[PDB]
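Peer 1: Can you look at this? It's an experimental structure, sequence on top.
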Amino acid sequence: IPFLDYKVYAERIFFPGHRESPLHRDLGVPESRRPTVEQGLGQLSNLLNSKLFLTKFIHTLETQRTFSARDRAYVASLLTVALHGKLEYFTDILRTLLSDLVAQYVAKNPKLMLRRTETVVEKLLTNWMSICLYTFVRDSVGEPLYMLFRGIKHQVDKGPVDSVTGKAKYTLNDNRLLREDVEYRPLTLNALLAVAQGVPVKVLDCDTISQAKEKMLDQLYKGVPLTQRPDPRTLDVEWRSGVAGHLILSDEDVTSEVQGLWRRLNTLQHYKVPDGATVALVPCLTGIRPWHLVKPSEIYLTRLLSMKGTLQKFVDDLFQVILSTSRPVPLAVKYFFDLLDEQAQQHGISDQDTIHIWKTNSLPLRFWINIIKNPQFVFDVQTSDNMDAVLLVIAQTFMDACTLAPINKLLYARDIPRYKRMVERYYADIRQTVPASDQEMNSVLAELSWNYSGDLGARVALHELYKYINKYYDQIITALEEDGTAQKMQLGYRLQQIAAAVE
Amino acid sequence: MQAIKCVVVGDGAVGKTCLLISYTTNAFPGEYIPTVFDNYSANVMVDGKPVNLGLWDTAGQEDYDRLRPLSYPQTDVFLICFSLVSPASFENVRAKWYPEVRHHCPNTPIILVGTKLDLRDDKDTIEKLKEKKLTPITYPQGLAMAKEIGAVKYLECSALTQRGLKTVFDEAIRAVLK
Ligand SMILES: Nc1nc2c(ncn2[C@@H]2O[C@H](COP(=O)(O)OP(=O)(O)NP(=O)(O)O)[C@@H](O)[C@H]2O)c(=O)[nH]1
Ligand SMILES: [Mg+2]
């Protein structure tokens, strides 16, 4: 069961788009001015540990016109990596930032709360949750989440697949559903890994030599995590016949099907490969439109229900674990939903329906939604495109159950009133159980700076955070001295000293 | 140490697999099974020089045609085949084989080879030939074919007897060296 360790899980959650944490690279400072800068950054960290400073810092950036919501994510994520030590403080930074968001939503519409990252705090609590719940995820939810992922992977390949458009016999989305049907026969060929023991692999005559290579690897390295698995671009498919076989087939070669501007890919049926063929994955030697089953340029309820119906098995289970009352309420959840309940009475909101959407767009629609949506956050796995369309349609099914109010709606319409029960059933425990003491809380928050193995990239985090400071320097000086306590703290000068320490 | 890649392309059941096996084991197969893409190996001595002959069997069926071109790259010497006991297998030399070979490899030397020599001289075989109103291939019929295609030699042989089969490959080794 390929579980990503905390380092990977966190990096992938805080820094998603780049794939790998951009906090892994050297500062880009020469050996000469190298020690003079390294020191300055340290003083930036001590400056950040001032709740008085930090609050003003973010508030100034949020107001800037040039500060995109893309920066809002990066700044929250850098700050998360930065304050990974002072977690007790990181929570206080949020405790304070939450109360600020609360007052701002009273004027316009309080129901629209925590919908889009138009604020930096919206990202910090997704990061916050992730830090807290990582244990729980690995410990309980991990299991059915992996199950559903293997289940979907399996159930899709029991049907043909177009290596070009990206459509299959099975999915939960018409925008991805393979409308046309093709002539496909099932193959079950003995696969060898000659990089020598033979593992039987189940492909389909229609699969390209590429898809067939992947399907082969999936069995030849069943429980080996992606990073431990070798690269497929280093591998070549080699068929075997008679005394000495030896024939290296490929996706596109001498035997490719050119039809003017339409060149087809090479399949197993294309080469006349039979059942039980000895195929070995051996190392690599080294404007016509490409196609496979349907050349590129209404619902089909019946087709999707077969797929839903297969996957229901673990769909039920995954939700029955996330929304579990049988297990006790994790402290991070209970604390937070009571952190909101403390805020609800401070501004006078008796309406629990307004409270629920702040509660929903916190833990499930902030956190749980993402893990269902994207499983590459917990598992060292390669996620298919059609896989994601399926998973997303399971996340939009879970989501419709969370919130009190197309395909996904009148598809799971049978199970959606069942999950709506589970949501309320879960929020019953949230209030009925013993509230979590802050004395008892920071006890857990400290052991998380402990159990966080190493440096997630804090060096770069401070340098990258200074890259921001450097651009918005003066606008910061404004809030640095317009405040009375900020003058007393000598914050302005503290910053100035660091500013010169870098340059 | 010079290695010679030799590909034997020939019509359905001309006796390639058999002639390839006979040369490398000095034993005849017996049973017919249509070959897909089989590889053979032999270490020879021609004019006081050691050579590794890396043989390549191919198909004589239109079914395994979508795959045959893969055997072709970097071939040092080709072996275009036919059976002396069928002119159908001989006419397909000018029709299927020669065109296919040169379409890909325009420099590789060809050697037209007449397999099943033992059956040509047999009476009982000529009886079946006469029944479908046909006559077997002779040395001048084949020598006219080899000069026509641009073959570097014409060799007649048989796999069950090993008659002039030794020569067939020794000549193919010579066909590379100059
Ligand atoms: N009498 C005699 N029979 C032969 C000789 N060579 C081949 N045969 C026969 O004719 C058939 C040839 O088998 P085979 O070698 O596989 O022909 P092939 O050209 O390799 N077939 P393929 O096209 O599938 O590669 C067999 O039934 C065999 O008994 C020969 O020299 N003498
Ligand atoms: Mg054969």
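Peer 2: The structure has been received and is ready for your questions. Numbering: from 1, shown residues only, chains lettered A, B, ... in the order given. Ligands and ions are numbered 1, 2, ... in the order given.
Peer 1: Tell me how many other residues crowd the one residue in the stretch 251-400 of chain A that gets nearest to ligand 2.
Peer 2: Of the residues in the stretch 251-400 of chain A, the one nearest ligand 2 is residue A:272, at a distance of 14.3 Å by CB to the ion. All C-beta atoms are positioned from the backbone trio N, CA, C, and that covers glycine. Using other CB atoms under 10 Å in any protein chain shown, residue A:272 has 16 neighbouring residues.
Peer 1: Kindly report the same for residue A:226.
Peer 2: 13.
Peer 1: A strand includes it, no?
Peer 2: No - per DSSP: H, G, I helix; E, B strand; the rest coil, residue A:226 lies outside any strand segment and is coil.
Peer 1: which residues does the closest residue to it other than its chain neighbours contact?
Peer 2: Leaving out its chain neighbours, the residue that sits closest to residue A:226 by CB to CB, 6 or more residues apart in numbering or on different chains is residue A:380, at 4.5 Å. Applying CB atoms under 8 Å, 6 or more residues apart in numbering or on different chains to residue A:380 gives the contacts A:2-4, A:8, A:225-228.
Peer 1: List buried residues within the residues you listed.
Peer 2: A:2, A:4, A:8 (16 or more other CB atoms under 10 Å in any protein chain shown).
Peer 1: one step back: I'd say the residue of the stretch 251-400 of chain A closest to ligand 2 and residue B:66 touch.
Peer 2: Yes - if you go by CB atoms under 8 Å, residue A:272 and residue B:66 touch, sitting 6.1 Å apart.
Peer 1: what about the residue of the stretch 251-400 of chain A closest to ligand 2, distance to residue A:239?
Peer 2: 10 Å (CB to CB, to the nearest Å).
Peer 1: and residue 69, how many neighbours?
Peer 2: Going with chain A. 14.
Peer 1: wrong one, I was asking about chain B
Peer 2: 15.
Peer 1: can you tell me which of the buried ones among the contacts of residue A:380 are in helices?
Peer 2: residue A:8 (DSSP state H).
Peer 1: Redo the buried ones among the contacts of residue A:380 as JSON lines? Include distance to residue B:122.
Peer 2: Listed next are the buried ones among the contacts of residue A:380 as JSON lines, based on distance: CB to CB, whole Å:
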{"residue": "A:2", "distance to residue B:122": "68"}
{"residue": "A:4", "distance to residue B:122": "74"}
{"residue": "A:8", "distance to residue B:122": "76"}
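Peer 1: so what's residue A:463 up against?
Peer 2: A:27, A:41.
Peer 1: ok, 6 Å please
Peer 2: Counting by CB atoms under 6 Å, 6 or more residues apart in numbering or on different chains, residue A:463 touches residue A:27.
Peer 1: helix or strand for it, which one?
Peer 2: helix A:458-482 (DSSP states H and E).
Peer 1: burial measure for the closest residue to residue A:371 other than its chain neighbours, as a count.
Peer 2: In space, and not counting its chain neighbours, residue A:371 is closest to residue A:377: 5.9 Å by CB to CB, 6+ apart. With neighbours defined by other CB under 10 Å, the count for residue A:377 comes to 19.
Peer 1: Residue A:235 and residue A:281 touch, don't they?
Peer 2: Yes - contact criterion CB atoms under 6 Å: residue A:235 and residue A:281 qualify, at 4.8 Å.
Peer 1: what are the ranges of the strands in the chain?
Peer 2: Since no chain was named, I'll use chain A. A:186-193, A:199-204, A:235-240, A:247-249, A:258-259, A:262-264, A:278-283, A:289-291 (DSSP state E).
Peer 1: looking at chain B here, not the other one
Peer 2: B:2-8, B:42-45, B:50-57, B:77-78, B:81-83, B:112-115, B:154-156.
Peer 1: need the residues of chain B near chain A, please.
Peer 2: B:36-39, B:66-67, B:69-70 (CB under 6 Å from any CB of the partner chain).
Peer 1: Check the gap between the residue of the stretch 251-400 of chain A closest to ligand 2 and residue A:161 for me.
Peer 2: 20 Å.
Peer 1: Quick check: the residue of chain B nearest ligand 2.
Peer 2: residue B:35 (3.1 Å).
Peer 1: Need the single longest helix in chain B, by residues.
Peer 2: Max-length helix for chain B by DSSP H is helix B:165-177.
Peer 1: neighbouring contacts of that helix?
Peer 2: B:4, B:6, B:23, B:46, B:51, B:76-77, B:109, B:111, B:152-153, B:155, B:157.
Peer 1: if we go to 7 Å?
Peer 2: B:4, B:6, B:19, B:22-23, B:44, B:46, B:51, B:53, B:76-77, B:79, B:109, B:111, B:113, B:152-153, B:155, B:157-159 (CB atoms under 7 Å, 6 or more residues apart in numbering or on different chains).
Peer 1: hmm, back to that, can you give the distance from the helix holding residue A:463 to the centre of its chain?
Peer 2: 29 Å (CA atoms, centre = their mean, to the nearest Å).
Peer 1: For that helix, buried residues please.
Peer 2: Those would be A:458-466, A:468-469, A:472, A:476-477, A:479-480, for helix A:458-482 by 16+ other CB under 10 Å.
Peer 1: do stretch A:405-414 as well
Peer 2: A:407-408, A:411-412.
Peer 1: can you check stretch A:212-226 too?
Peer 2: A:212-218, A:220-221.
Peer 1: Noted, bye for now.
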